[PDB]
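Engineer: This is target_19.cif (mmCIF, C-alpha atoms (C1' of nucleotides)).
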data_coords
loop_
_atom_site.label_atom_id
_atom_site.label_comp_id
_atom_site.auth_asym_id
_atom_site.auth_seq_id
_atom_site.Cartn_x
_atom_site.Cartn_y
_atom_site.Cartn_z
CA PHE A 1 131.51 -94.38 142.82
CA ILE A 2 129.61 -91.62 144.58
CA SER A 3 130.77 -92.84 147.98
CA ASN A 4 134.38 -93.01 146.80
CA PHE A 5 134.20 -89.46 145.47
CA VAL A 6 132.58 -88.23 148.70
CA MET A 7 135.26 -89.57 151.04
CA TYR A 8 138.13 -87.86 149.18
CA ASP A 9 138.87 -85.12 151.72
CA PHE A 10 138.78 -87.54 154.65
CA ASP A 11 141.20 -89.88 152.86
CA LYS A 12 143.53 -87.01 152.00
CA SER A 13 143.65 -85.48 155.47
CA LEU A 14 144.12 -88.79 157.29
CA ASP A 15 146.84 -89.91 154.87
CA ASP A 16 149.34 -87.15 155.60
CA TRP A 17 148.73 -87.38 159.34
CA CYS A 18 149.48 -91.10 159.38
CA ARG A 19 152.48 -90.78 157.06
CA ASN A 20 154.31 -88.38 159.41
CA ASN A 21 154.22 -90.95 162.24
CA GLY A 22 155.26 -94.09 160.35
CA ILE A 23 151.83 -95.76 160.18
CA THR A 24 150.36 -97.49 157.14
CA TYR A 25 146.70 -96.74 156.36
CA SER A 26 144.15 -98.17 153.94
CA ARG A 27 140.38 -98.16 153.44
CA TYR A 28 138.09 -100.69 151.73
CA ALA A 29 134.44 -99.63 151.40
CA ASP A 30 133.58 -98.88 155.05
CA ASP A 31 136.55 -100.66 156.66
CA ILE A 32 139.73 -98.90 157.78
CA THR A 33 143.03 -100.50 158.72
CA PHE A 34 146.26 -99.23 160.28
CA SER A 35 149.51 -101.07 160.85
CA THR A 36 152.98 -100.33 162.19
CA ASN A 37 156.09 -101.66 163.91
CA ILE A 38 156.48 -99.13 166.74
CA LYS A 39 155.21 -100.13 170.18
CA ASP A 40 152.49 -98.06 171.88
CA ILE A 41 151.67 -95.65 169.06
CA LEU A 42 148.35 -97.11 167.89
CA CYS A 43 146.46 -96.08 171.05
CA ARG A 44 146.08 -92.46 169.90
CA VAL A 45 144.37 -92.77 166.48
CA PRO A 46 140.77 -93.43 167.70
CA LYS A 47 140.46 -89.81 168.86
CA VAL A 48 142.13 -88.49 165.71
CA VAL A 49 139.82 -90.31 163.31
CA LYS A 50 136.80 -89.10 165.29
CA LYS A 51 137.94 -85.49 165.03
CA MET A 52 138.59 -85.89 161.31
CA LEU A 53 135.17 -87.45 160.76
CA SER A 54 133.45 -84.60 162.57
CA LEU A 55 135.47 -81.95 160.73
CA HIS A 56 135.34 -83.23 157.14
CA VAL A 57 132.07 -85.16 156.72
CA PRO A 58 129.24 -84.33 159.15
CA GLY A 59 126.81 -87.10 160.01
CA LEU A 60 129.12 -90.11 160.04
CA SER A 61 130.17 -91.90 163.21
CA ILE A 62 132.22 -94.87 164.40
CA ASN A 63 130.80 -98.22 165.49
CA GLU A 64 132.76 -98.72 168.70
CA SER A 65 132.00 -102.44 169.10
CA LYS A 66 134.13 -103.57 166.12
CA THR A 67 137.60 -102.29 167.02
CA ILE A 68 140.43 -104.83 166.91
CA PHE A 69 144.09 -104.88 167.96
CA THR A 70 146.39 -107.73 166.95
CA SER A 71 150.06 -108.69 166.73
CA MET A 72 152.29 -111.54 165.55
CA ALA A 73 151.36 -113.81 168.48
CA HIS A 74 147.77 -114.38 167.28
CA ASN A 75 145.75 -114.74 164.09
CA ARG A 76 146.27 -111.96 161.53
CA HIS A 77 144.32 -111.37 158.33
CA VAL A 78 143.29 -108.42 156.16
CA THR A 79 139.93 -108.63 154.35
CA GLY A 80 140.02 -112.41 154.08
CA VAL A 81 143.69 -113.22 153.40
CA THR A 82 145.95 -114.58 156.14
CA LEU A 83 149.44 -113.25 156.87
CA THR A 84 151.96 -115.82 158.06
CA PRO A 85 154.61 -114.57 160.52
CA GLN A 86 157.21 -115.03 157.78
CA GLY A 87 155.48 -112.30 155.77
CA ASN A 88 153.68 -114.16 152.98
CA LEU A 89 150.06 -114.22 151.88
CA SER A 90 148.16 -117.45 152.48
CA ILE A 91 144.71 -119.01 152.31
CA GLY A 92 144.80 -121.05 155.53
CA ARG A 93 145.60 -124.65 156.42
CA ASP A 94 141.94 -125.66 156.74
CA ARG A 95 141.19 -124.73 153.14
CA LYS A 96 144.33 -126.47 151.90
CA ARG A 97 143.20 -129.72 153.48
CA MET A 98 139.68 -128.95 152.21
CA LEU A 99 140.93 -129.02 148.64
CA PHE A 100 143.40 -131.87 149.07
CA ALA A 101 140.65 -134.10 150.45
CA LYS A 102 138.20 -133.04 147.73
CA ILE A 103 140.67 -133.91 144.98
CA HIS A 104 141.61 -137.21 146.62
CA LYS A 105 137.94 -138.19 146.79
CA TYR A 106 137.63 -137.13 143.14
CA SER A 107 140.44 -139.49 142.12
CA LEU A 108 138.20 -142.38 143.20
CA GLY A 109 135.28 -141.06 141.13
CA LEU A 110 133.02 -140.33 144.12
CA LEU A 111 132.33 -136.63 143.42
CA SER A 112 129.09 -135.24 142.03
CA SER A 113 129.16 -133.03 138.94
CA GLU A 114 128.09 -129.99 140.97
CA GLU A 115 131.11 -130.23 143.27
CA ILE A 116 133.47 -130.26 140.28
CA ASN A 117 132.33 -126.80 139.20
CA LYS A 118 132.25 -125.79 142.87
CA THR A 119 135.88 -126.74 143.50
CA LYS A 120 137.25 -125.48 140.17
CA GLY A 121 136.54 -121.84 141.00
CA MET A 122 138.02 -122.12 144.48
CA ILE A 123 141.14 -123.78 143.06
CA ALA A 124 141.55 -120.98 140.51
CA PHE A 125 141.16 -118.32 143.21
CA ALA A 126 143.70 -120.04 145.46
CA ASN A 127 146.15 -120.34 142.57
CA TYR A 128 145.81 -116.63 141.87
CA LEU A 129 146.32 -115.73 145.53
CA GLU A 130 149.33 -118.01 146.11
CA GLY A 131 151.01 -118.63 142.75
CA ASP A 132 152.26 -122.17 143.44
CA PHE A 133 149.20 -124.26 144.34
CA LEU A 134 149.00 -126.05 140.99
CA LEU A 135 152.66 -127.07 141.12
CA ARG A 136 152.17 -128.68 144.53
CA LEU A 137 149.07 -130.47 143.32
CA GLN A 138 150.91 -131.79 140.27
CA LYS A 139 153.84 -132.88 142.43
CA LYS A 140 151.43 -134.88 144.58
CA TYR A 141 148.79 -136.40 142.26
CA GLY A 142 150.45 -136.25 138.84
CA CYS A 143 149.77 -134.11 135.79
CA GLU A 144 147.60 -136.70 134.01
CA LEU A 145 144.86 -136.67 136.64
CA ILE A 146 144.94 -132.92 137.19
CA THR A 147 144.72 -132.22 133.46
CA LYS A 148 141.82 -134.66 133.10
CA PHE A 149 140.03 -132.98 136.01
CA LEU A 150 140.68 -129.51 134.57
CA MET A 151 139.28 -130.38 131.14
CA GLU A 152 136.25 -132.14 132.65
CA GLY A 153 132.90 -130.57 131.83
"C1'" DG B 1 115.17 -95.17 156.21
"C1'" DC B 2 111.41 -96.86 159.33
"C1'" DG B 3 104.62 -99.97 159.39
"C1'" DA B 4 101.87 -101.55 163.82
"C1'" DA B 5 101.94 -102.55 168.42
"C1'" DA B 6 103.71 -102.36 173.73
"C1'" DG B 7 107.36 -100.03 177.19
"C1'" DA B 8 110.48 -96.61 179.22
"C1'" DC B 9 110.93 -91.64 180.86
"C1'" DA B 10 109.20 -87.36 183.10
"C1'" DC B 11 105.58 -84.72 185.72
"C1'" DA B 12 101.16 -84.20 188.30
"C1'" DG B 13 97.63 -85.10 191.80
"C1'" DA B 14 94.95 -87.82 194.55
"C1'" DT B 15 93.70 -90.70 198.53
"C1'" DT B 16 93.45 -93.75 202.44
"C1'" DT B 17 96.10 -94.44 206.52
"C1'" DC B 18 98.32 -92.94 210.38
"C1'" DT B 19 100.46 -90.14 213.85
"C1'" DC B 20 100.61 -85.84 216.54
"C1'" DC B 21 97.41 -82.61 219.21
"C1'" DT B 22 93.49 -81.20 222.49
"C1'" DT B 23 90.49 -81.90 226.82
"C1'" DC B 24 88.69 -83.53 230.72
"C1'" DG B 25 88.46 -87.41 233.25
"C1'" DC B 26 90.51 -90.33 236.35
"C1'" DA B 27 93.65 -92.27 240.22
"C1'" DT B 28 96.20 -93.51 243.61
"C1'" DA B 29 99.64 -93.11 246.81
"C1'" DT B 30 99.47 -89.32 250.38
"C1'" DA B 31 91.63 -88.67 257.82
"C1'" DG B 32 89.60 -85.57 254.05
"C1'" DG B 33 91.68 -82.51 250.63
"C1'" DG B 34 94.83 -81.55 246.98
"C1'" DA B 35 98.23 -82.77 243.39
"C1'" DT B 36 101.76 -85.28 239.68
"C1'" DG B 37 100.94 -88.35 236.51
"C1'" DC B 38 98.54 -91.37 233.12
"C1'" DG B 39 94.66 -93.19 230.40
"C1'" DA B 40 90.37 -92.23 226.55
"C1'" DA B 41 88.29 -90.50 222.74
"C1'" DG B 42 87.73 -86.97 218.94
"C1'" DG B 43 90.29 -84.23 215.54
"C1'" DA B 44 93.92 -83.05 212.89
"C1'" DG B 45 97.09 -82.85 208.99
"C1'" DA B 46 101.06 -85.26 207.33
"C1'" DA B 47 102.95 -88.98 203.84
"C1'" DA B 48 103.77 -93.19 200.97
"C1'" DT B 49 101.83 -95.61 197.31
"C1'" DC B 50 99.14 -95.56 193.28
"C1'" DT B 51 97.28 -93.76 188.98
"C1'" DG B 52 96.92 -90.84 184.68
"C1'" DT B 53 98.89 -88.01 180.45
"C1'" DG B 54 102.21 -86.87 176.52
"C1'" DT B 55 106.63 -87.54 173.87
"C1'" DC B 56 109.88 -91.05 172.05
"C1'" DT B 57 112.03 -96.37 170.66
"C1'" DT B 58 111.82 -99.93 168.03
"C1'" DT B 59 112.73 -101.73 162.92
"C1'" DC B 60 108.47 -104.40 158.76
"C1'" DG B 61 109.05 -109.75 154.86
"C1'" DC B 62 108.36 -103.20 153.03
"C1'" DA B 63 103.88 -103.10 143.70
"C1'" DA B 64 108.60 -102.26 140.53
"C1'" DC B 65 114.91 -108.28 141.57
"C1'" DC B 66 118.11 -112.47 138.44
"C1'" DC B 67 118.95 -117.44 137.39
"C1'" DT B 68 127.92 -119.49 135.82
"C1'" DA B 69 132.24 -120.66 139.53
"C1'" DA B 70 135.29 -118.13 143.79
"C1'" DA B 71 136.51 -113.97 147.24
"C1'" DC B 72 135.15 -108.65 149.27
"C1'" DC B 73 131.73 -104.48 150.61
#
Turn the structure described in the file into structure tokens.

Structural biologist:
Amino acid sequence: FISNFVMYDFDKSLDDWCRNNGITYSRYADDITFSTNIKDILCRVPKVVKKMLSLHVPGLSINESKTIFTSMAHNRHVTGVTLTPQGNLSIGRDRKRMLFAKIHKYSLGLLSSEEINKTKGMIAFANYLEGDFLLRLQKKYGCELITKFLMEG
DNA sequence: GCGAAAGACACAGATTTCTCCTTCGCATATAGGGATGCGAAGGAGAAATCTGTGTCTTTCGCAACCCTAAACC
């Protein structure tokens, strides 16, 4: 809470500078992200943020070895959630096949009791992030098995 | 943010080795005498390599933590 209260002026000053140029800005703990649609406009902000940091909170500085540029032709994610080119949030294909294989192996009764509690939390998180994971699972394995798995333990 | 224990950075100074500077001695191509030129040892005084001192740098397994699942810092 103290850190959030401290970085108020920096947030306020950077917000109205980015708004006037059509750039979206957001900060999470000590991570800062910018995004836009205009070409060749994101190459000017590294000097601006440095001037703001020096002016509004003395002492802080930028780690210059963790700066990233990306577009629609490569992998895109924001703090652990993937953005498909269509414009929808996602968890990733590898995790989807992770869970589909785990549940299929569970249907044969070859899963330890620890992995049931392990997978239940991940399934709940994925359902919250997506909103339609449980429907797809029911449409593939049937409601009887899923309900039995859910009430297990 | 930074324990103990080894290096990097900057600044002196010291020393053995060597290379330039006398000094007179010689010599040999010209019938003895004199002269342009080169060789031999001291005697310097210059220079590259080495060595020594003082200020930082780095980042500990660093009395005093909870025990259900997932993601983030």

Engineer: What does the PyMOL selection byres ((chain B) within 7 of (chain A)) select in this file, as a list in words?

Structural biologist: residues 69, 70, 72 and 73 of chain B

Engineer: Written as a ChimeraX atom specification, which residues does the PyMOL selection byres ((chain B and resi 21) around 9) give for the file shown?

Structural biologist: /B:20,22,43-44

Engineer: Write a file of the selected residues as a short mmCIF file (atom, residue, chain, number, x, y, z; two decimals), keeping the file's coordinate frame, keeping C-alpha atoms (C1' of nucleotides).

Structural biologist:
data_model
loop_
_atom_site.label_atom_id
_atom_site.label_comp_id
_atom_site.auth_asym_id
_atom_site.auth_seq_id
_atom_site.Cartn_x
_atom_site.Cartn_y
_atom_site.Cartn_z
"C1'" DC B 20 100.61 -85.84 216.54
"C1'" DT B 22 93.49 -81.20 222.49
"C1'" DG B 43 90.29 -84.23 215.54
"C1'" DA B 44 93.92 -83.05 212.89
#

Engineer: Could you check the closest approach to residue 131 (chain A) for each of A:35, A:90, A:21, A:75 and tell me which residue wins, using all atoms listed in the file?

Structural biologist: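 Looking only at the distances to residue 131 (chain A), the closest residue turns out to be A:90.
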
Engineer: Can you list what the PyMOL selection byres ((chain A and resi 49) around 12) grabs from this structure, as a list in words?

Structural biologist: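 Here the PyMOL selection byres ((chain A and resi 49) around 12) matches residues 10, 11, 13, 14, 15, 17, 18, 25, 32, 33, 34, 42, 43, 44, 45, 46, 47, 48, 50, 51, 52, 53, 54, 55, 56, 57, 60, 61 and 62 of chain A.
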
Engineer: In Å, with one decimal, what is the gap from CA of residue 96 (chain A) to CA of residue 152 (chain A)?

Structural biologist: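 Atom-to-atom, CA of residue 96 (chain A) to CA of residue 152 (chain A), that is 21.6 Å.
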
Engineer: Any chance you could export region 23-68 of chain B with N, CA and C atoms (P, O5', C5', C4', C3', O3' and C1' of nucleotides), as a short mmCIF file (atom, residue, chain, number, x, y, z; two decimals), in the first residue's frame?

Structural biologist:
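See result-v1.cif below for the written result:
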data_model
loop_
_atom_site.label_atom_id
_atom_site.label_comp_id
_atom_site.auth_asym_id
_atom_site.auth_seq_id
_atom_site.Cartn_x
_atom_site.Cartn_y
_atom_site.Cartn_z
P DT B 23 87.83 13.88 -23.05
"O5'" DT B 23 88.91 12.82 -23.57
"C5'" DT B 23 89.19 11.63 -22.83
"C4'" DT B 23 90.25 10.80 -23.54
"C3'" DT B 23 91.19 11.61 -24.45
"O3'" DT B 23 92.51 11.12 -24.31
"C1'" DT B 23 90.20 9.88 -25.68
P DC B 24 93.74 11.89 -24.99
"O5'" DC B 24 95.02 11.03 -24.54
"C5'" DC B 24 94.88 9.64 -24.25
"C4'" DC B 24 95.09 8.81 -25.50
"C3'" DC B 24 95.98 9.45 -26.56
"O3'" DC B 24 97.35 8.99 -26.47
"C1'" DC B 24 94.10 8.23 -27.48
P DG B 25 97.76 7.48 -26.08
"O5'" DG B 25 96.79 6.54 -26.94
"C5'" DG B 25 96.61 5.18 -26.57
"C4'" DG B 25 96.44 4.30 -27.81
"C3'" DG B 25 97.67 4.23 -28.72
"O3'" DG B 25 98.07 2.87 -28.89
"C1'" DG B 25 95.70 4.66 -29.98
P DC B 26 99.24 2.47 -29.92
"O5'" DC B 26 98.46 2.13 -31.27
"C5'" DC B 26 97.45 1.13 -31.25
"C4'" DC B 26 96.74 1.05 -32.59
"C3'" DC B 26 97.64 0.78 -33.80
"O3'" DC B 26 97.06 -0.23 -34.60
"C1'" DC B 26 96.27 2.64 -34.21
P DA B 27 97.93 -1.04 -35.67
"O5'" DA B 27 96.87 -1.38 -36.83
"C5'" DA B 27 95.89 -0.40 -37.19
"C4'" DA B 27 95.93 -0.14 -38.69
"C3'" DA B 27 97.29 -0.38 -39.33
"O3'" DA B 27 97.14 -0.67 -40.71
"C1'" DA B 27 96.76 1.89 -39.48
P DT B 28 96.95 -2.18 -41.23
"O5'" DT B 28 96.25 -1.98 -42.65
"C5'" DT B 28 95.25 -0.98 -42.83
"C4'" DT B 28 95.70 0.02 -43.89
"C3'" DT B 28 96.88 -0.45 -44.75
"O3'" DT B 28 96.65 -0.12 -46.11
"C1'" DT B 28 97.37 1.64 -43.85
P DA B 29 96.74 -1.24 -47.26
"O5'" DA B 29 96.48 -0.43 -48.61
"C5'" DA B 29 95.30 0.35 -48.77
"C4'" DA B 29 95.62 1.82 -49.01
"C3'" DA B 29 96.50 2.11 -50.23
"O3'" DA B 29 95.93 3.17 -51.00
"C1'" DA B 29 97.40 3.16 -48.31
P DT B 30 96.71 3.78 -52.26
"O5'" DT B 30 97.61 4.94 -51.63
"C5'" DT B 30 98.72 5.46 -52.37
"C4'" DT B 30 99.30 6.69 -51.68
"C3'" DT B 30 100.73 7.02 -52.08
"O3'" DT B 30 100.73 7.84 -53.25
"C1'" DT B 30 100.49 7.11 -49.71
P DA B 31 113.56 2.61 -51.42
"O5'" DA B 31 113.03 3.61 -50.29
"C5'" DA B 31 113.96 4.31 -49.47
"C4'" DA B 31 113.25 5.36 -48.63
"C3'" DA B 31 112.11 4.82 -47.76
"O3'" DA B 31 112.14 5.44 -46.48
"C1'" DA B 31 111.30 6.52 -49.18
P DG B 32 111.99 4.55 -45.15
"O5'" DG B 32 111.85 5.61 -43.96
"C5'" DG B 32 112.87 6.57 -43.72
"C4'" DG B 32 112.29 7.96 -43.57
"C3'" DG B 32 111.30 8.13 -42.42
"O3'" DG B 32 111.47 9.41 -41.82
"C1'" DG B 32 110.24 8.66 -44.46
P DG B 33 110.74 9.77 -40.43
"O5'" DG B 33 109.55 10.75 -40.87
"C5'" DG B 33 109.85 12.02 -41.44
"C4'" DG B 33 108.58 12.73 -41.88
"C3'" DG B 33 107.47 12.78 -40.84
"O3'" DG B 33 106.91 14.09 -40.81
"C1'" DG B 33 106.66 11.80 -42.84
P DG B 34 105.97 14.55 -39.59
"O5'" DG B 34 104.52 14.67 -40.26
"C5'" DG B 34 104.31 15.56 -41.36
"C4'" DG B 34 103.01 15.22 -42.06
"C3'" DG B 34 101.78 15.21 -41.16
"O3'" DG B 34 100.71 15.87 -41.82
"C1'" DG B 34 101.96 13.16 -42.30
P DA B 35 99.49 16.50 -40.99
"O5'" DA B 35 98.21 15.78 -41.62
"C5'" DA B 35 98.01 15.76 -43.03
"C4'" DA B 35 97.07 14.62 -43.40
"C3'" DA B 35 95.80 14.56 -42.54
"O3'" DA B 35 94.68 14.35 -43.37
"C1'" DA B 35 96.92 12.48 -42.52
P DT B 36 93.27 15.05 -43.05
"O5'" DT B 36 92.18 13.96 -43.49
"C5'" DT B 36 92.17 13.45 -44.81
"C4'" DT B 36 91.48 12.10 -44.84
"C3'" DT B 36 90.12 12.05 -44.15
"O3'" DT B 36 89.25 11.22 -44.91
"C1'" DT B 36 91.57 10.57 -43.04
P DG B 37 87.71 11.03 -44.49
"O5'" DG B 37 87.79 9.75 -43.55
"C5'" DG B 37 88.29 8.55 -44.11
"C4'" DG B 37 88.49 7.46 -43.07
"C3'" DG B 37 87.34 7.26 -42.10
"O3'" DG B 37 86.60 6.08 -42.44
"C1'" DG B 37 89.51 7.11 -41.06
P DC B 38 85.43 5.54 -41.48
"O5'" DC B 38 86.18 4.54 -40.49
"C5'" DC B 38 86.90 3.44 -41.02
"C4'" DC B 38 87.58 2.64 -39.92
"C3'" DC B 38 86.64 2.06 -38.87
"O3'" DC B 38 86.94 0.69 -38.64
"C1'" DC B 38 88.37 3.29 -37.83
P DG B 39 85.90 -0.24 -37.83
"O5'" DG B 39 86.70 -0.66 -36.51
"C5'" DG B 39 87.90 -1.41 -36.63
"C4'" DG B 39 88.73 -1.32 -35.36
"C3'" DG B 39 88.05 -1.85 -34.09
"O3'" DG B 39 88.97 -2.65 -33.36
"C1'" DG B 39 88.84 0.33 -33.73
P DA B 40 88.46 -3.66 -32.23
"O5'" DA B 40 89.35 -3.30 -30.95
"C5'" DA B 40 89.39 -1.96 -30.47
"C4'" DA B 40 90.03 -1.89 -29.10
"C3'" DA B 40 89.21 -2.53 -28.00
"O3'" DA B 40 90.06 -2.85 -26.89
"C1'" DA B 40 89.04 -0.15 -27.90
P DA B 41 89.72 -4.09 -25.93
"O5'" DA B 41 89.61 -3.42 -24.48
"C5'" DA B 41 88.51 -2.59 -24.16
"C4'" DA B 41 88.96 -1.41 -23.31
"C3'" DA B 41 88.16 -1.20 -22.03
"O3'" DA B 41 89.00 -0.64 -21.03
"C1'" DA B 41 87.86 0.66 -23.45
P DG B 42 88.59 -0.77 -19.48
"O5'" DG B 42 87.25 0.10 -19.36
"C5'" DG B 42 86.92 0.75 -18.14
"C4'" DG B 42 87.15 2.24 -18.23
"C3'" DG B 42 86.23 3.08 -17.36
"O3'" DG B 42 86.89 4.27 -16.93
"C1'" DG B 42 85.83 3.58 -19.64
P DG B 43 86.34 5.07 -15.65
"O5'" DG B 43 85.04 5.84 -16.18
"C5'" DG B 43 85.17 6.91 -17.11
"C4'" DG B 43 83.80 7.45 -17.50
"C3'" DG B 43 82.74 7.37 -16.40
"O3'" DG B 43 82.13 8.65 -16.24
"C1'" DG B 43 81.90 6.52 -18.43
P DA B 44 81.62 9.14 -14.80
"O5'" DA B 44 80.09 9.54 -15.05
"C5'" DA B 44 79.22 8.63 -15.71
"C4'" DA B 44 78.69 9.19 -17.01
"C3'" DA B 44 77.24 9.68 -16.97
"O3'" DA B 44 77.17 11.04 -17.37
"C1'" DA B 44 77.63 8.30 -18.86
P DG B 45 76.07 12.02 -16.72
"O5'" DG B 45 74.70 11.57 -17.42
"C5'" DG B 45 74.50 11.77 -18.82
"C4'" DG B 45 73.34 10.93 -19.32
"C3'" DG B 45 72.02 11.16 -18.60
"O3'" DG B 45 70.93 11.05 -19.50
"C1'" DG B 45 72.66 8.91 -18.36
P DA B 46 69.59 11.90 -19.23
"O5'" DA B 46 68.46 11.17 -20.12
"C5'" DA B 46 68.71 10.84 -21.48
"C4'" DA B 46 68.38 9.38 -21.74
"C3'" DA B 46 66.94 8.97 -21.41
"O3'" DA B 46 66.28 8.56 -22.60
"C1'" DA B 46 68.52 7.39 -20.56
P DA B 47 64.68 8.61 -22.71
"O5'" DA B 47 64.25 7.11 -22.37
"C5'" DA B 47 64.77 6.04 -23.15
"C4'" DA B 47 64.34 4.70 -22.60
"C3'" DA B 47 62.88 4.64 -22.13
"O3'" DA B 47 62.28 3.45 -22.58
"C1'" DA B 47 64.31 3.94 -20.39
P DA B 48 60.71 3.40 -22.94
"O5'" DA B 48 60.34 1.87 -22.72
"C5'" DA B 48 61.12 0.85 -23.31
"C4'" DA B 48 61.25 -0.33 -22.37
"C3'" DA B 48 59.93 -0.90 -21.87
"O3'" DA B 48 60.00 -2.32 -21.83
"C1'" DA B 48 61.24 -0.19 -20.02
P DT B 49 58.64 -3.18 -21.90
"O5'" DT B 49 58.61 -3.93 -20.49
"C5'" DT B 49 59.71 -4.74 -20.09
"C4'" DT B 49 59.83 -4.76 -18.58
"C3'" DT B 49 58.58 -5.23 -17.84
"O3'" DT B 49 58.79 -6.53 -17.32
"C1'" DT B 49 59.66 -3.34 -16.78
P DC B 50 57.63 -7.27 -16.49
"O5'" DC B 50 57.92 -6.84 -14.98
"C5'" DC B 50 59.23 -6.97 -14.46
"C4'" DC B 50 59.33 -6.30 -13.10
"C3'" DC B 50 58.24 -6.70 -12.11
"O3'" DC B 50 58.83 -7.32 -10.97
"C1'" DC B 50 58.56 -4.33 -12.16
P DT B 51 57.89 -8.03 -9.87
"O5'" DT B 51 57.71 -6.91 -8.76
"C5'" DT B 51 58.85 -6.30 -8.18
"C4'" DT B 51 58.45 -5.12 -7.31
"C3'" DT B 51 57.34 -5.42 -6.30
"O3'" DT B 51 57.74 -5.02 -5.00
"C1'" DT B 51 56.87 -3.45 -7.52
P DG B 52 56.94 -5.55 -3.72
"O5'" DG B 52 56.25 -4.23 -3.13
"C5'" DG B 52 57.04 -3.10 -2.79
"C4'" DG B 52 56.16 -1.90 -2.50
"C3'" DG B 52 54.92 -2.20 -1.65
"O3'" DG B 52 54.76 -1.18 -0.68
"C1'" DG B 52 54.28 -1.12 -3.64
P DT B 53 53.82 -1.42 0.60
"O5'" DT B 53 52.70 -0.29 0.47
"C5'" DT B 53 53.06 1.08 0.48
"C4'" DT B 53 51.87 1.95 0.11
"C3'" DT B 53 50.59 1.65 0.88
"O3'" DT B 53 50.06 2.87 1.41
"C1'" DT B 53 50.16 1.69 -1.44
P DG B 54 48.91 2.83 2.53
"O5'" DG B 54 47.60 3.33 1.78
"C5'" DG B 54 47.56 4.65 1.23
"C4'" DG B 54 46.26 4.87 0.46
"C3'" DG B 54 45.00 4.47 1.22
"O3'" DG B 54 43.97 5.43 1.00
"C1'" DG B 54 45.16 3.24 -0.81
P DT B 55 42.66 5.43 1.93
"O5'" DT B 55 41.45 5.24 0.90
"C5'" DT B 55 41.34 6.12 -0.21
"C4'" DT B 55 40.44 5.52 -1.28
"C3'" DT B 55 39.09 5.00 -0.79
"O3'" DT B 55 38.06 5.69 -1.49
"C1'" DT B 55 40.17 3.43 -2.23
P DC B 56 36.51 5.62 -1.06
"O5'" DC B 56 35.87 4.83 -2.31
"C5'" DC B 56 35.62 3.41 -2.19
"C4'" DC B 56 35.48 2.80 -3.56
"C3'" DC B 56 34.29 1.87 -3.73
"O3'" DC B 56 33.79 1.94 -5.06
"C1'" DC B 56 36.28 0.67 -4.08
P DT B 57 32.55 1.04 -5.53
"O5'" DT B 57 33.27 -0.25 -6.20
"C5'" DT B 57 32.70 -0.83 -7.40
"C4'" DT B 57 32.41 -2.28 -7.14
"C3'" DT B 57 31.38 -2.55 -6.05
"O3'" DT B 57 30.05 -2.63 -6.56
"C1'" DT B 57 33.27 -4.07 -5.91
P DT B 58 29.57 -3.65 -7.71
"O5'" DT B 58 29.63 -5.13 -7.08
"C5'" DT B 58 30.23 -6.19 -7.86
"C4'" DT B 58 30.42 -7.41 -7.00
"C3'" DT B 58 29.20 -7.82 -6.18
"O3'" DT B 58 28.90 -9.20 -6.37
"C1'" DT B 58 31.14 -7.81 -4.83
P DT B 59 27.54 -9.74 -7.04
"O5'" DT B 59 26.92 -10.82 -6.03
"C5'" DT B 59 27.78 -11.57 -5.18
"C4'" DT B 59 27.24 -11.61 -3.76
"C3'" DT B 59 25.72 -11.62 -3.64
"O3'" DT B 59 25.31 -12.52 -2.62
"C1'" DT B 59 26.62 -9.80 -2.42
P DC B 60 25.32 -14.11 -2.87
"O5'" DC B 60 26.07 -14.68 -1.58
"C5'" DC B 60 25.31 -15.04 -0.43
"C4'" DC B 60 26.20 -15.16 0.79
"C3'" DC B 60 25.61 -15.97 1.94
"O3'" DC B 60 26.59 -16.88 2.45
"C1'" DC B 60 26.21 -13.81 2.71
P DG B 61 26.90 -18.26 1.69
"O5'" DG B 61 25.68 -19.20 2.10
"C5'" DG B 61 25.60 -19.72 3.41
"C4'" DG B 61 24.68 -18.88 4.28
"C3'" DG B 61 24.03 -19.64 5.44
"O3'" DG B 61 23.89 -18.81 6.63
"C1'" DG B 61 22.44 -19.20 3.66
P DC B 62 23.37 -17.29 6.59
"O5'" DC B 62 23.24 -16.92 8.14
"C5'" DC B 62 24.00 -15.85 8.70
"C4'" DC B 62 23.26 -14.53 8.59
"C3'" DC B 62 21.77 -14.59 8.91
"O3'" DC B 62 21.52 -14.06 10.21
"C1'" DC B 62 22.25 -13.22 6.97
P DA B 63 21.96 -14.87 11.53
"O5'" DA B 63 20.71 -14.70 12.51
"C5'" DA B 63 20.87 -14.73 13.92
"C4'" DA B 63 19.79 -15.60 14.56
"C3'" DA B 63 18.37 -15.28 14.09
"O3'" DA B 63 17.64 -16.49 13.88
"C1'" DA B 63 18.51 -15.08 16.44
P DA B 64 16.06 -16.47 13.59
"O5'" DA B 64 15.38 -16.32 15.03
"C5'" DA B 64 14.08 -16.84 15.28
"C4'" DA B 64 13.02 -15.75 15.26
"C3'" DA B 64 12.76 -15.13 13.90
"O3'" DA B 64 11.74 -15.84 13.19
"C1'" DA B 64 13.08 -13.42 15.53
P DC B 65 10.49 -16.51 13.96
"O5'" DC B 65 9.37 -16.66 12.83
"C5'" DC B 65 9.04 -15.57 11.99
"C4'" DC B 65 8.47 -16.08 10.67
"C3'" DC B 65 7.40 -17.15 10.80
"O3'" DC B 65 6.12 -16.54 10.62
"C1'" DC B 65 8.95 -17.58 9.00
P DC B 66 4.93 -16.84 11.65
"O5'" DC B 66 3.87 -17.65 10.78
"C5'" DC B 66 4.23 -18.89 10.22
"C4'" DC B 66 3.36 -19.22 9.03
"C3'" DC B 66 2.33 -20.29 9.27
"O3'" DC B 66 1.27 -20.14 8.35
"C1'" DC B 66 4.07 -21.14 7.90
P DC B 67 0.00 -21.13 8.39
"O5'" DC B 67 0.41 -22.30 7.39
"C5'" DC B 67 -0.33 -23.50 7.38
"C4'" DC B 67 0.34 -24.52 6.48
"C3'" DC B 67 -0.13 -25.96 6.69
"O3'" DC B 67 -0.43 -26.57 5.44
"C1'" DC B 67 2.24 -25.83 6.84
P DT B 68 -1.51 -27.76 5.38
"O5'" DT B 68 -2.07 -27.69 3.88
"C5'" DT B 68 -3.38 -27.18 3.64
"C4'" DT B 68 -3.75 -27.33 2.17
"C3'" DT B 68 -2.95 -26.45 1.22
"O3'" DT B 68 -2.90 -27.06 -0.06
"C1'" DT B 68 -5.20 -25.77 1.19
#
